[PDB]
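> Chains from the complex, first installment, not repositioned:
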Amino acid sequence: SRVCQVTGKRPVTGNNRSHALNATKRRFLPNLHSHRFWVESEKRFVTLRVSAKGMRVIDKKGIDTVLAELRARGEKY
Amino acid sequence: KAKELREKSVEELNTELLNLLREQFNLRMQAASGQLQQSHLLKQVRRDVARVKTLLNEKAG
Amino acid sequence: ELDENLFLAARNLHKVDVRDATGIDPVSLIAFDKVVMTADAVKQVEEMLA
Amino acid sequence: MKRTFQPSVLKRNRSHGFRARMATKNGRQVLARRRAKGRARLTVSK
Amino acid sequence: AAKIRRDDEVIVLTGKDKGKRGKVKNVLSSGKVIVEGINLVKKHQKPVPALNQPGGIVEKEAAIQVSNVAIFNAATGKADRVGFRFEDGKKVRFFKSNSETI
Amino acid sequence: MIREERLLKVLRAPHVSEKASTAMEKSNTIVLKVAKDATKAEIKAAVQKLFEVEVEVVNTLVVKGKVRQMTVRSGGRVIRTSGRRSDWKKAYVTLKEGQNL
């Protein structure tokens, strides 16, 4: 489902508010993208389904440590 | 009745069970055929079969 | 003071109740035909009712 | 004339039988409700 | 713990048989007893020709409640109660009012 | 090699029923009630070993139990109850030339 594999971002729910303040009910979707990350340590590409925030997190932390966290949670990549 | 079946081995317990089952079969035939006014040996033979099998389970474990 | 001996001796009697002088209640004083109070019980009820 | 109940055992079992009830969580909920009520005959599977 | 057994000479306390004495024959699980020649009733026995005498007006004793009979002392010549005590590690009944083992 | 206990359980009772007497006296077949889970091989072996006869063939049918209803005075009231008789299995056993009962 539309869940970021790094940050655990999910679709959330909220309201469309009009000018007359009619509250229709909607979803906020995370900015999910499938990307191929080169893992220098073990020499291959891992495809992850991450948001843009997730990609910023990856290139701050590093792909290897994020992969370590993913393995800690039992996520499969 | 269990007291003096408890100190037999395992094979003559088996022969005892076979004799009891044979007696049960002839008793069933008599009851069906109209003989066997002693309509109480049926309960007896079945309780003894149960007793022998209980003892057999006990010795084999 | 609630003498346990008296309480035990009374609690299979018929019309007889034994109190503590802090357990007296409006209905009990009216219900029974006679009320016996020990003198110290009178003193306690005196100070209690002020 | 022709009426609405046209019996057929195969269709009866395939539509309302025990295994059809157990296939989905909604049918299993039906079975749980019928157990809670104390129904003697749980399904049409008689 | 039964307080009335197979053959106790009992005396009836109530029920149109007061003072009549008898021997218990049966003790029923419903707390009733059959005693010798006490609660006679007139059964109207159906013929039933199947292995049975036709039967007319049969006289037979009916069950009576154990609360209605009392063990007979036969030494004091009166009805009395029964207590339980232990002697030789054995539970025994004794007469009250004279404390003699039954 | 069906074991002894199986054989001692399969044969339940001889079935006297006129059609059975005629079968015995005409076709040399006995008719008997068997355990509802008995197979033809089991009945063959059981009859052969327990009656010491030699059998030709076994035919089996399953009798479906009727419904009888009657009353029960449980609770003082005579409640009308109905239920199904038990299904049973009938075996037509053709002996060759012997005779047992």
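Structure's in. What do you need? Residues are numbered from 1 along each chain as shown, chains lettered A, B, ... in the order given.

> mind checking how far the lengthiest helix in chain C is from the chain centre?
In chain C, taking DSSP state H as the definition, the longest helix is helix C:39-49. Centroid displacement of helix C:39-49 relative to its chain, using CA atoms, centre = their mean, to the nearest Å, is 11 Å.

> Any chance you could list what contacts that helix?
C:1, C:21, C:22, C:24, C:37 (CB atoms under 8 Å, 6 or more residues apart in numbering or on different chains). For the C-beta atoms, the positions are set from N, CA and C on the backbone; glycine is no exception.

> Could you do stretch D:21-28 as well?
D:20, D:30, D:31, D:43.

> for chain E, longest strand please?
strand E:21-28 (DSSP state E).

> That one - contacts with which helices or strands?
Strand E:21-28 is packed against strand E:9-12, strand E:32-35, with contacts defined by 3 or more CB pairs under 8 Å, 6 or more residues apart in numbering or on different chains; DSSP states H and E.

> With distance to residue A:42 and mean neighbour count added, can I get these in CSV?
As requested, those are arranged in CSV below (distance: least, CB to CB, whole Å; neighbours: other CB atoms under 10 Å in any protein chain shown):
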stretch, distance to residue A:42, mean neighbour count
strand E:9-12, 100, 20
strand E:32-35, 92, 20
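
> before we move on, back to that, of all pairs in the contacts of helix C:39-49, which one spans the longest distance?
Pairwise distances across these peak at 14.3 Å for C:1 and C:24 (criterion: CB to CB).

> Between these two, which has more neighbouring residues?
The neighbour comparison of residue C:1 against residue C:24 (other CB atoms under 10 Å in any protein chain shown) goes to residue C:24, with 16 against 9.

> RNA strand G should go on the structure too:
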RNA sequence: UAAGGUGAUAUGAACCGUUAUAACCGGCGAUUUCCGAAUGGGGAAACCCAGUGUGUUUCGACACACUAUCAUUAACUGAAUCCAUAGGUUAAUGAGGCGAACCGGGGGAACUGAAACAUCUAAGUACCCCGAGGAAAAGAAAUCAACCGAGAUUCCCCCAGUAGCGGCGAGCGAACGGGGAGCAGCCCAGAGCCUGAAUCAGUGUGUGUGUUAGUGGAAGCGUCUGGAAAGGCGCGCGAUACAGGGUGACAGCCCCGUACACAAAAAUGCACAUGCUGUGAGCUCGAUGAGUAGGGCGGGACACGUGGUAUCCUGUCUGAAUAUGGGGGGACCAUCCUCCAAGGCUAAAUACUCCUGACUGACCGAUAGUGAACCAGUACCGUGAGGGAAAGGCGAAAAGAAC
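So that you can see how it sits with the rest, here is RNA strand G on the chains above:
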């Protein structure tokens, strides 16, 4: 524990037993068909069809065991492709499904009210889904206060229908502070000295106390009426027992009990006391949770509907400082007060009752009380989900009516 039993229907038949191995009651155990998570494959529940082993055989066959999926771990072997991964096989653990309410979380109405209706209300209710426990959640200050101070969570009573919010309408509705119930606080982000150093979970013993069968239990007779006495009348007795129930009408003394005093082969609960097993203490130095706080845009939560809007959460885009630093004090700024986020754990007071025991009722008494006093979630109705009744009383005793 026992003089009686083989459940009701139940009569009968054939039997078992009488100090002790009859029955009955309790602890432990054995057996425990088939379906059902159903798990060897399948299936239209309670059925059909197997594979591999081990053993048996009268050579027809037979008996038993194992064989689901997923997760984790291990061993073996292993593609594109050299290494290597993916994959494959086999093991070992664990899960699965059901259940009344209570609990946390993910989603989430409308009728209705506003005397119409759209903001608002109803309402984060009903309902759907996930997860857990005997409770859950929360929890050890980036908390309040006010220049005085308090000192983690939770729950109750006030504050108070107040201050506020609000088509300022309908309506919503606090905190501060006070009184109570309950109450101990601790770890990691790391090294040395001591270095099992008390502590907490598990296990093995012993003691105590419960639970699961039980034991003893006190005292009344005359007479009248009556079918029958427990009632009337008379004279007695017990009471740490006059709770209650039964018995031919209303019984302290007829029965079962009750007060009271005792009881456990065995299995278990809770306390202790120890034995052992893993953890672990204390001191000195250190370190102090970054795509985070904050911001822009859109929403949501805060009593607070964007308003002059503090604070919290985040879908999106960004983005610090580092204890000479940072958060909060209801726009914002300066002073001075207070506290230290971005890591965790934590009993009690609190919520509920499918179920078990005891006890109670100015609760009902057969059109009432559960739908169901009764063989009722039955009969019957409906394809189905589902709906869903009516129906108690002879008599003290069947003595239930021979002829």
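
> RNA strand G added, so what about what packs on strand E:21-28 now?
Counting by 3+ CB pairs under 8 Å, 6+ apart, strand E:21-28 packs on strand E:9-12, strand E:32-35.

> Name the strands paired with it and say parallel or antiparallel.
strand E:9-12 (antiparallel), strand E:32-35 (antiparallel) (DSSP bridges).

> Convert the C-alpha atoms of that strand to CSV, please.
The C-alpha trace of strand E:21-28 is given here as CSV (Å, rounded to 0.1, in the frame of the first residue of the first chain):
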residue,chain,number,x,y,z
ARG,E,21,-44.9,-49.9,65.3
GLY,E,22,-43.3,-51.7,62.4
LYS,E,23,-40.1,-52.8,60.7
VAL,E,24,-38.6,-50.9,57.8
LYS,E,25,-38.5,-52.8,54.5
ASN,E,26,-37.3,-50.1,52.1
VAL,E,27,-35.7,-46.7,52.3
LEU,E,28,-36.4,-44.7,49.2
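
> That one near RNA strand G anywhere?
Yes: applying CB under 7 Å from any atom of the strand, one finds strand E:21-28 in contact with RNA strand G at E:26, E:27.

> check contacts around the closest residue in space to residue E:73 that isn't next to it in sequence.
Of all residues not flanking residue E:73 in the chain, residue E:80 sits nearest, at 5.1 Å (CB to CB, 6 or more residues apart in numbering or on different chains). By CB under 8 Å, 6+ apart, the residues touching residue E:80 are E:70, E:71, E:73, E:95, E:96, E:97, E:98.

> Contact partners for the fifth one?
If I follow you right, that is residue E:96. Residue E:96 neighbours (CB under 8 Å, 6+ apart): E:80, E:81, E:82, E:83.
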